[PDB]
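*Asks:* Sharing protein.pdb below, PDB, N, CA and C atoms:
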```
ATOM      1  N   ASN A 157     -59.374 -39.817  -9.619
ATOM      2  CA  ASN A 157     -60.356 -39.466  -8.602
ATOM      3  C   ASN A 157     -59.718 -39.255  -7.233
ATOM      4  N   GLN A 158     -58.440 -39.602  -7.121
ATOM      5  CA  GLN A 158     -57.711 -39.450  -5.866
ATOM      6  C   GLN A 158     -57.408 -37.994  -5.511
ATOM      7  N   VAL A 159     -57.082 -37.776  -4.241
ATOM      8  CA  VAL A 159     -56.751 -36.448  -3.731
ATOM      9  C   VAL A 159     -55.569 -36.549  -2.762
ATOM     10  N   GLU A 160     -54.360 -36.458  -3.306
ATOM     11  CA  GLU A 160     -53.139 -36.540  -2.508
ATOM     12  C   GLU A 160     -52.873 -35.226  -1.776
ATOM     13  N   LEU A 161     -52.613 -35.327  -0.474
ATOM     14  CA  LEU A 161     -52.331 -34.158   0.357
ATOM     15  C   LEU A 161     -50.932 -34.270   0.957
ATOM     16  N   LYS A 162     -50.069 -33.315   0.621
ATOM     17  CA  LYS A 162     -48.697 -33.309   1.117
ATOM     18  C   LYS A 162     -48.457 -32.299   2.236
ATOM     19  N   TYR A 163     -47.652 -32.702   3.216
ATOM     20  CA  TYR A 163     -47.313 -31.849   4.356
ATOM     21  C   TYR A 163     -45.809 -31.972   4.620
ATOM     22  N   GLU A 164     -45.156 -30.852   4.919
ATOM     23  CA  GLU A 164     -43.718 -30.843   5.187
ATOM     24  C   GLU A 164     -43.326 -29.773   6.208
ATOM     25  N   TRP A 165     -42.558 -30.185   7.217
ATOM     26  CA  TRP A 165     -42.098 -29.286   8.277
ATOM     27  C   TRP A 165     -41.281 -28.120   7.718
ATOM     28  N   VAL A 166     -41.620 -26.908   8.140
ATOM     29  CA  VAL A 166     -40.922 -25.711   7.676
ATOM     30  C   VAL A 166     -40.546 -24.761   8.819
ATOM     31  N   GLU A 167     -39.250 -24.485   8.936
ATOM     32  CA  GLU A 167     -38.723 -23.596   9.971
ATOM     33  C   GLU A 167     -39.033 -22.136   9.618
ATOM     34  N   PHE A 168     -39.756 -21.454  10.504
ATOM     35  CA  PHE A 168     -40.134 -20.053  10.308
ATOM     36  C   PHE A 168     -39.165 -19.106  11.016
ATOM     37  N   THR A 169     -39.162 -17.839  10.606
ATOM     38  CA  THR A 169     -38.287 -16.832  11.214
ATOM     39  C   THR A 169     -38.998 -15.507  11.502
ATOM     40  N   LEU A 170     -38.806 -14.988  12.716
ATOM     41  CA  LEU A 170     -39.415 -13.730  13.142
ATOM     42  C   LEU A 170     -38.394 -12.593  13.225
ATOM     43  N   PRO A 171     -38.843 -11.342  13.018
ATOM     44  CA  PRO A 171     -37.964 -10.167  13.073
ATOM     45  C   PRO A 171     -37.511  -9.798  14.487
ATOM     46  N   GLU A 172     -36.368  -9.120  14.561
ATOM     47  CA  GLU A 172     -35.780  -8.679  15.829
ATOM     48  C   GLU A 172     -36.445  -7.391  16.307
ATOM     49  N   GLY A 173     -36.860  -7.351  17.570
ATOM     50  CA  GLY A 173     -37.476  -6.139  18.085
ATOM     51  C   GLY A 173     -38.826  -6.250  18.774
ATOM     52  N   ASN A 174     -39.892  -6.219  17.973
ATOM     53  CA  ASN A 174     -41.272  -6.297  18.462
ATOM     54  C   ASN A 174     -41.458  -7.073  19.760
ATOM     55  N   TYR A 175     -42.189  -6.457  20.682
ATOM     56  CA  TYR A 175     -42.455  -7.037  21.992
ATOM     57  C   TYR A 175     -43.946  -7.295  22.140
ATOM     58  N   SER A 176     -44.364  -7.497  23.392
ATOM     59  CA  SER A 176     -45.765  -7.721  23.753
ATOM     60  C   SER A 176     -46.231  -9.111  23.315
ATOM     61  N   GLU A 177     -46.839  -9.853  24.240
ATOM     62  CA  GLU A 177     -47.297 -11.214  23.943
ATOM     63  C   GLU A 177     -48.317 -11.362  22.813
ATOM     64  N   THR A 178     -49.232 -10.407  22.696
ATOM     65  CA  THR A 178     -50.251 -10.448  21.648
ATOM     66  C   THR A 178     -49.599 -10.225  20.287
ATOM     67  N   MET A 179     -48.721  -9.225  20.222
ATOM     68  CA  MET A 179     -48.023  -8.885  18.985
ATOM     69  C   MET A 179     -47.139 -10.016  18.456
ATOM     70  N   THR A 180     -46.621 -10.843  19.361
ATOM     71  CA  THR A 180     -45.770 -11.962  18.971
ATOM     72  C   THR A 180     -46.609 -13.072  18.343
ATOM     73  N   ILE A 181     -47.811 -13.273  18.876
ATOM     74  CA  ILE A 181     -48.725 -14.291  18.370
ATOM     75  C   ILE A 181     -49.112 -13.967  16.930
ATOM     76  N   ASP A 182     -49.478 -12.709  16.695
ATOM     77  CA  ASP A 182     -49.865 -12.238  15.369
ATOM     78  C   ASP A 182     -48.729 -12.403  14.362
ATOM     79  N   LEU A 183     -47.495 -12.330  14.851
ATOM     80  CA  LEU A 183     -46.310 -12.482  14.008
ATOM     81  C   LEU A 183     -46.028 -13.952  13.711
ATOM     82  N   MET A 184     -46.393 -14.822  14.647
ATOM     83  CA  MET A 184     -46.202 -16.257  14.476
ATOM     84  C   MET A 184     -47.120 -16.743  13.360
ATOM     85  N   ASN A 185     -48.286 -16.115  13.259
ATOM     86  CA  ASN A 185     -49.271 -16.442  12.236
ATOM     87  C   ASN A 185     -48.963 -15.699  10.944
ATOM     88  N   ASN A 186     -48.268 -14.573  11.072
ATOM     89  CA  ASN A 186     -47.878 -13.764   9.921
ATOM     90  C   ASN A 186     -46.841 -14.560   9.133
ATOM     91  N   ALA A 187     -46.049 -15.353   9.855
ATOM     92  CA  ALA A 187     -45.023 -16.196   9.250
ATOM     93  C   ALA A 187     -45.677 -17.378   8.533
ATOM     94  N   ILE A 188     -46.833 -17.805   9.036
ATOM     95  CA  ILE A 188     -47.578 -18.913   8.441
ATOM     96  C   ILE A 188     -48.164 -18.438   7.110
ATOM     97  N   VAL A 189     -48.526 -17.159   7.060
ATOM     98  CA  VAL A 189     -49.098 -16.547   5.864
ATOM     99  C   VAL A 189     -48.038 -16.293   4.794
ATOM    100  N   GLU A 190     -46.880 -15.763   5.191
ATOM    101  CA  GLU A 190     -45.801 -15.497   4.240
ATOM    102  C   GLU A 190     -45.302 -16.790   3.597
ATOM    103  N   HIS A 191     -45.470 -17.907   4.300
ATOM    104  CA  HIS A 191     -45.060 -19.205   3.776
ATOM    105  C   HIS A 191     -46.039 -19.628   2.689
ATOM    106  N   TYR A 192     -47.314 -19.335   2.921
ATOM    107  CA  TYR A 192     -48.387 -19.652   1.985
ATOM    108  C   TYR A 192     -48.302 -18.759   0.744
ATOM    109  N   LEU A 193     -47.859 -17.520   0.933
ATOM    110  CA  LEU A 193     -47.732 -16.564  -0.164
ATOM    111  C   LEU A 193     -46.442 -16.764  -0.965
ATOM    112  N   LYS A 194     -45.839 -17.942  -0.844
ATOM    113  CA  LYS A 194     -44.602 -18.247  -1.553
ATOM    114  C   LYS A 194     -44.540 -19.715  -1.973
ATOM    115  N   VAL A 195     -45.386 -20.540  -1.362
ATOM    116  CA  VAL A 195     -45.433 -21.968  -1.663
ATOM    117  C   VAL A 195     -46.876 -22.453  -1.810
ATOM    118  N   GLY A 196     -47.731 -22.006  -0.896
ATOM    119  CA  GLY A 196     -49.127 -22.407  -0.889
ATOM    120  C   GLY A 196     -50.003 -22.125  -2.099
ATOM    121  N   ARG A 197     -50.450 -20.880  -2.237
ATOM    122  CA  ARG A 197     -51.333 -20.483  -3.336
ATOM    123  C   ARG A 197     -50.842 -20.755  -4.758
ATOM    124  N   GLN A 198     -49.545 -20.985  -4.927
ATOM    125  CA  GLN A 198     -49.001 -21.251  -6.254
ATOM    126  C   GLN A 198     -49.035 -22.725  -6.661
ATOM    127  N   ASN A 199     -49.058 -23.618  -5.677
ATOM    128  CA  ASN A 199     -49.098 -25.053  -5.945
ATOM    129  C   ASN A 199     -50.507 -25.642  -5.966
ATOM    130  N   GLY A 200     -51.265 -25.451  -4.886
ATOM    131  CA  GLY A 200     -52.612 -25.993  -4.853
ATOM    132  C   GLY A 200     -53.525 -25.640  -3.693
ATOM    133  N   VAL A 201     -53.020 -25.744  -2.465
ATOM    134  CA  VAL A 201     -53.797 -25.445  -1.260
ATOM    135  C   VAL A 201     -54.508 -24.086  -1.277
ATOM    136  N   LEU A 202     -55.761 -24.083  -0.826
ATOM    137  CA  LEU A 202     -56.586 -22.880  -0.779
ATOM    138  C   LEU A 202     -56.319 -22.011   0.452
ATOM    139  N   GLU A 203     -57.077 -20.923   0.573
ATOM    140  CA  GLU A 203     -56.952 -20.011   1.707
ATOM    141  C   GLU A 203     -57.783 -20.534   2.880
ATOM    142  N   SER A 204     -58.591 -21.553   2.596
ATOM    143  CA  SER A 204     -59.471 -22.167   3.582
ATOM    144  C   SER A 204     -58.759 -23.182   4.479
ATOM    145  N   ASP A 205     -58.154 -24.195   3.862
ATOM    146  CA  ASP A 205     -57.458 -25.239   4.602
ATOM    147  C   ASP A 205     -56.006 -24.919   4.975
ATOM    148  N   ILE A 206     -55.805 -23.776   5.623
ATOM    149  CA  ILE A 206     -54.474 -23.357   6.055
ATOM    150  C   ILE A 206     -54.140 -23.972   7.415
ATOM    151  N   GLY A 207     -53.172 -24.881   7.427
ATOM    152  CA  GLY A 207     -52.777 -25.533   8.662
ATOM    153  C   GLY A 207     -52.036 -24.625   9.629
ATOM    154  N   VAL A 208     -52.202 -24.905  10.924
ATOM    155  CA  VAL A 208     -51.568 -24.150  12.007
ATOM    156  C   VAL A 208     -52.088 -22.713  12.128
TER
ATOM    157  N   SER B   7     -59.703 -12.391 -17.704
ATOM    158  CA  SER B   7     -58.958 -12.119 -16.482
ATOM    159  C   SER B   7     -58.065 -13.296 -16.105
ATOM    160  N   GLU B   8     -56.760 -13.051 -16.055
ATOM    161  CA  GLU B   8     -55.798 -14.089 -15.708
ATOM    162  C   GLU B   8     -56.497 -15.413 -15.420
ATOM    163  N   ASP B   9     -56.717 -15.694 -14.140
ATOM    164  CA  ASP B   9     -57.376 -16.926 -13.728
ATOM    165  C   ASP B   9     -56.444 -17.797 -12.892
ATOM    166  N   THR B  10     -56.276 -17.430 -11.626
ATOM    167  CA  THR B  10     -55.411 -18.178 -10.720
ATOM    168  C   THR B  10     -54.359 -17.270 -10.088
ATOM    169  N   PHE B  11     -54.740 -16.603  -9.003
ATOM    170  CA  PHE B  11     -53.831 -15.703  -8.302
ATOM    171  C   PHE B  11     -54.590 -14.787  -7.348
ATOM    172  N   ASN B  12     -54.776 -15.249  -6.115
ATOM    173  CA  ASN B  12     -55.484 -14.472  -5.105
ATOM    174  C   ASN B  12     -54.541 -13.894  -4.056
ATOM    175  N   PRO B  13     -54.114 -12.655  -4.273
ATOM    176  CA  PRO B  13     -53.202 -11.980  -3.342
ATOM    177  C   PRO B  13     -53.446 -12.405  -1.898
ATOM    178  N   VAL B  14     -54.667 -12.846  -1.606
ATOM    179  CA  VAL B  14     -55.023 -13.278  -0.262
ATOM    180  C   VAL B  14     -54.912 -12.129   0.736
ATOM    181  N   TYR B  15     -55.483 -10.984   0.376
ATOM    182  CA  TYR B  15     -55.450  -9.808   1.238
ATOM    183  C   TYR B  15     -56.557  -8.826   0.871
ATOM    184  N   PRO B  16     -57.682  -8.919   1.575
ATOM    185  CA  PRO B  16     -58.825  -8.034   1.324
ATOM    186  C   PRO B  16     -58.380  -6.608   1.019
ATOM    187  N   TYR B  17     -58.105  -6.329  -0.251
ATOM    188  CA  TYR B  17     -57.672  -5.000  -0.665
ATOM    189  C   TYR B  17     -58.852  -4.040  -0.766
ATOM    190  N   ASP B  18     -60.031  -4.589  -1.036
ATOM    191  CA  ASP B  18     -61.240  -3.783  -1.157
ATOM    192  C   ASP B  18     -61.779  -3.382   0.211
ATOM    193  N   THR B  19     -62.585  -2.325   0.239
ATOM    194  CA  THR B  19     -62.933  -1.594  -0.973
ATOM    195  C   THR B  19     -62.211  -0.252  -1.032
TER
END
```
Please rewrite the model in this file as structure tokens.
*Replies:*
Amino acid sequence: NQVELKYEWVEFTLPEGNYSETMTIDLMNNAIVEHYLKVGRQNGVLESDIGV
Amino acid sequence: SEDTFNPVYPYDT
């Protein structure tokens, strides 16, 4: 009946080039998504409870 | 249908 939730610090990486403050923010979150599309959806966490 | 794999990207419509 338990529900164990695991969290682990992960260093993200952004591409060289793109400017503009808004565009950088979208990329910071794009990195959060690419992490989920390689570790998240395959283990357990949903698209709803996405941290950060 | 498979059952477990949501590309997570509104491809539709």
*Asks:* When the cut-off is 8 Å and we count all atoms listed in the file, which residues of chain A are near chain B, given as a PyMOL selection string?
*Replies:* chain A and resi 193+197-198+203
*Asks:* Could you pull out all residues of range 164-203 of chain A with a DSSP call of alpha helix (DSSP H) and give them as a list in words?
*Replies:*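 Of range 164-203 of chain A, the ones in alpha helix (DSSP H) are residues 177, 178, 179, 180, 181, 182, 183, 184, 185, 186, 187, 188, 189, 190, 191, 197, 198 and 199 of chain A.
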*Asks:* What would the file look like if the residues just selected were written as a CSV table (one decimal), in the coordinates of the input with N, CA and C atoms?
*Replies:*
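Writing done, so here's result-v4.csv:
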```csv
chain,number,residue,atom,x,y,z
A,177,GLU,N,-46.8,-9.9,24.2
A,177,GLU,CA,-47.3,-11.2,23.9
A,177,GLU,C,-48.3,-11.4,22.8
A,178,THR,N,-49.2,-10.4,22.7
A,178,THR,CA,-50.3,-10.4,21.6
A,178,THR,C,-49.6,-10.2,20.3
A,179,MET,N,-48.7,-9.2,20.2
A,179,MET,CA,-48.0,-8.9,19.0
A,179,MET,C,-47.1,-10.0,18.5
A,180,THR,N,-46.6,-10.8,19.4
A,180,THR,CA,-45.8,-12.0,19.0
A,180,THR,C,-46.6,-13.1,18.3
A,181,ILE,N,-47.8,-13.3,18.9
A,181,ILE,CA,-48.7,-14.3,18.4
A,181,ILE,C,-49.1,-14.0,16.9
A,182,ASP,N,-49.5,-12.7,16.7
A,182,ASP,CA,-49.9,-12.2,15.4
A,182,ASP,C,-48.7,-12.4,14.4
A,183,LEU,N,-47.5,-12.3,14.9
A,183,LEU,CA,-46.3,-12.5,14.0
A,183,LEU,C,-46.0,-14.0,13.7
A,184,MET,N,-46.4,-14.8,14.6
A,184,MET,CA,-46.2,-16.3,14.5
A,184,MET,C,-47.1,-16.7,13.4
A,185,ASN,N,-48.3,-16.1,13.3
A,185,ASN,CA,-49.3,-16.4,12.2
A,185,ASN,C,-49.0,-15.7,10.9
A,186,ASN,N,-48.3,-14.6,11.1
A,186,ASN,CA,-47.9,-13.8,9.9
A,186,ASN,C,-46.8,-14.6,9.1
A,187,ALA,N,-46.0,-15.4,9.9
A,187,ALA,CA,-45.0,-16.2,9.2
A,187,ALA,C,-45.7,-17.4,8.5
A,188,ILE,N,-46.8,-17.8,9.0
A,188,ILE,CA,-47.6,-18.9,8.4
A,188,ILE,C,-48.2,-18.4,7.1
A,189,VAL,N,-48.5,-17.2,7.1
A,189,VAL,CA,-49.1,-16.5,5.9
A,189,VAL,C,-48.0,-16.3,4.8
A,190,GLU,N,-46.9,-15.8,5.2
A,190,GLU,CA,-45.8,-15.5,4.2
A,190,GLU,C,-45.3,-16.8,3.6
A,191,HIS,N,-45.5,-17.9,4.3
A,191,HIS,CA,-45.1,-19.2,3.8
A,191,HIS,C,-46.0,-19.6,2.7
A,197,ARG,N,-50.4,-20.9,-2.2
A,197,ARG,CA,-51.3,-20.5,-3.3
A,197,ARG,C,-50.8,-20.8,-4.8
A,198,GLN,N,-49.5,-21.0,-4.9
A,198,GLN,CA,-49.0,-21.3,-6.3
A,198,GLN,C,-49.0,-22.7,-6.7
A,199,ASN,N,-49.1,-23.6,-5.7
A,199,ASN,CA,-49.1,-25.1,-5.9
A,199,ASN,C,-50.5,-25.6,-6.0
```
*Asks:* What does the distance from atom N of residue 161 in chain A to atom C of residue 182 in chain A come to in Å, to one decimal?
*Replies:*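 For atom N of residue 161 in chain A relative to atom C of residue 182 in chain A, the distance reads 27.6 Å.
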*Asks:* What is the CA of residue 158 in chain A-atom N of residue 199 in chain A distance in Å, reported with one decimal?
*Replies:*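 Interatomic distance here is 18.0 Å.
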*Asks:* Please indicate the distance in Å from CA of residue 205 in chain A to CA of residue 157 in chain A, rounded to one decimal place.
*Replies:* 19.6 Å
*Asks:* List, as a ChimeraX atom specification, every residue that the PyMOL selection byres (((chain A and resi 163-171 and name CA) around 12) and name CA) selects in the file provided.
*Replies:* /A:160-162,172-175,179-192,195-196,201,206-208
*Asks:* Can you rebuild range 163-180 of chain A with N, CA, C and O atoms and give it as a compact mmCIF listing (two decimals), keeping the file's coordinate frame?
*Replies:*
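File rebuild.txt, as written:
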```
# COMPACT_ATOMS: atom_id res chain seq x y z
N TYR A 163 -47.65 -32.70 3.22
CA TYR A 163 -47.31 -31.85 4.36
C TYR A 163 -45.81 -31.97 4.62
O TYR A 163 -45.25 -33.07 4.55
N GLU A 164 -45.16 -30.85 4.92
CA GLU A 164 -43.72 -30.84 5.19
C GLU A 164 -43.33 -29.77 6.21
O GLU A 164 -43.71 -28.61 6.08
N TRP A 165 -42.56 -30.18 7.22
CA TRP A 165 -42.10 -29.29 8.28
C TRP A 165 -41.28 -28.12 7.72
O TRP A 165 -40.34 -28.32 6.95
N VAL A 166 -41.62 -26.91 8.14
CA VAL A 166 -40.92 -25.71 7.68
C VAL A 166 -40.55 -24.76 8.82
O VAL A 166 -41.41 -24.29 9.57
N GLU A 167 -39.25 -24.48 8.94
CA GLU A 167 -38.72 -23.60 9.97
C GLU A 167 -39.03 -22.14 9.62
O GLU A 167 -38.66 -21.66 8.54
N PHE A 168 -39.76 -21.45 10.50
CA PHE A 168 -40.13 -20.05 10.31
C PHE A 168 -39.16 -19.11 11.02
O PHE A 168 -38.44 -19.51 11.92
N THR A 169 -39.16 -17.84 10.61
CA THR A 169 -38.29 -16.83 11.21
C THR A 169 -39.00 -15.51 11.50
O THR A 169 -39.70 -14.96 10.65
N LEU A 170 -38.81 -14.99 12.72
CA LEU A 170 -39.42 -13.73 13.14
C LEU A 170 -38.39 -12.59 13.22
O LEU A 170 -37.21 -12.83 13.45
N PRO A 171 -38.84 -11.34 13.02
CA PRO A 171 -37.96 -10.17 13.07
C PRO A 171 -37.51 -9.80 14.49
O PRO A 171 -38.18 -10.11 15.47
N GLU A 172 -36.37 -9.12 14.56
CA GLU A 172 -35.78 -8.68 15.83
C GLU A 172 -36.44 -7.39 16.31
O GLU A 172 -36.56 -6.43 15.54
N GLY A 173 -36.86 -7.35 17.57
CA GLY A 173 -37.48 -6.14 18.08
C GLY A 173 -38.83 -6.25 18.77
O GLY A 173 -38.89 -6.27 20.00
N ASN A 174 -39.89 -6.22 17.97
CA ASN A 174 -41.27 -6.30 18.46
C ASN A 174 -41.46 -7.07 19.76
O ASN A 174 -40.95 -8.18 19.93
N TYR A 175 -42.19 -6.46 20.68
CA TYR A 175 -42.46 -7.04 21.99
C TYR A 175 -43.95 -7.30 22.14
O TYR A 175 -44.70 -7.20 21.17
N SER A 176 -44.36 -7.50 23.39
CA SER A 176 -45.76 -7.72 23.75
C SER A 176 -46.23 -9.11 23.32
O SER A 176 -46.11 -9.46 22.15
N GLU A 177 -46.84 -9.85 24.24
CA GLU A 177 -47.30 -11.21 23.94
C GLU A 177 -48.32 -11.36 22.81
O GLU A 177 -48.29 -12.35 22.08
N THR A 178 -49.23 -10.41 22.70
CA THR A 178 -50.25 -10.45 21.65
C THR A 178 -49.60 -10.22 20.29
O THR A 178 -49.87 -10.95 19.33
N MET A 179 -48.72 -9.22 20.22
CA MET A 179 -48.02 -8.88 18.98
C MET A 179 -47.14 -10.02 18.46
O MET A 179 -46.90 -10.12 17.25
N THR A 180 -46.62 -10.84 19.36
CA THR A 180 -45.77 -11.96 18.97
C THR A 180 -46.61 -13.07 18.34
O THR A 180 -46.16 -13.75 17.41
```
